[PDB]
Every structure is written in structure tokens, then in C-alpha cells.
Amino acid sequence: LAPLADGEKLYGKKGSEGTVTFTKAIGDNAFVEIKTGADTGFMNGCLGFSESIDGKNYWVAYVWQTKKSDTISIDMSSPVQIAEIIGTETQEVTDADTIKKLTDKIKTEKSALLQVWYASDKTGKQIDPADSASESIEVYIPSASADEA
């Protein structure tokens, strides 16, 4: 739950459309490493996942935020936005049974979506597009060596 050492980090490879792909399952913990721009005062975004349970499709997001260059720890058991996609409509899921099933399935995934949503400068003015507010954004999980501890 705290930032790691630069030898136990397993970085995900960034694709197109903000995909991040790992060589193994994500597991319990992912870390988002953010290097902000000099004129940036605030950023937020998420890690996104889509899962399916007998006919029903769900979208699941873990939200992060920061005011400076930092590494944010994300607990894969604690998603904050869970929606079921019925056609082109969404329905919010509050059922604890359904949610656990989704998180268990998410922990076995090898890829995620990384999105920046909003960003503002030191004076509170919005930066558009938000992605331009960062100099770099990466995601890593712990190594198998670091998991033994």
C-alpha cells in the first residue's frame, strides 16, 4: 500500500486507446506513477475494467487523484464506480455479492484501461486536453519476489 523500490516494480506496457498490459495477473494491488507538469495543480482519472457474468456486462472503475508528482496505490478490492451496461443505458450496481464476483475476476486480468479525466493549472483553470498536464503516467504491480513478503 506504499510506493516500492525500482527493482521490484513490474511495469505494464502501454498500448493504443490507453490500454496497459502486464505479463501476469494484476492481483490485489496496482500503483499509478504520475509525473505532473510544472504548471499543473490537480489531476484525476481511473483504471477501468470490463467483465461479464452470465449475459450481463459491467464496467468497473478505480478512481485516483493527485496535486503533485506522486505514486498512488489502488486496492483492487475497492472499486468506486460499478455500472451494468444494458444496451446503450447504464445501471448502478450496489449489490455486494455481484461486486465481489467482479473484483475476483478483475484480479485475474492481465490488462487495464488508464484514463486521465480532468486537470487544472495552479490558478484553477482547466487544462484541455487533460492528458497534456502530465509528463508521464505509468502503472506497475509488484514482482513475484515482492509478493513473498
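Start at 1 with the first residue shown and count on from there.
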On average, which has the higher Cα B-factor in the deposited entry, 4-12 or 138-146? 4-12
Using only the C-alpha B-factors in the record, can you name which of 44, 94, 50, 88 has the highest? 94
From 38, 119, 113, 106, pick the one with the largest CA B-factor in the entry? 38
State the tercile, meaning the lowest, middle or highest third, of residue 57 with respect to the CA B-factors recorded for its chain. lowest
Taking the entry's C-alpha B-factors for this chain, is residue 34 in the lowest, middle or highest third? highest
Comparing residue 84 with the other modelled residues of its chain, is its CA B-factor in the lowest, middle or highest third? lowest
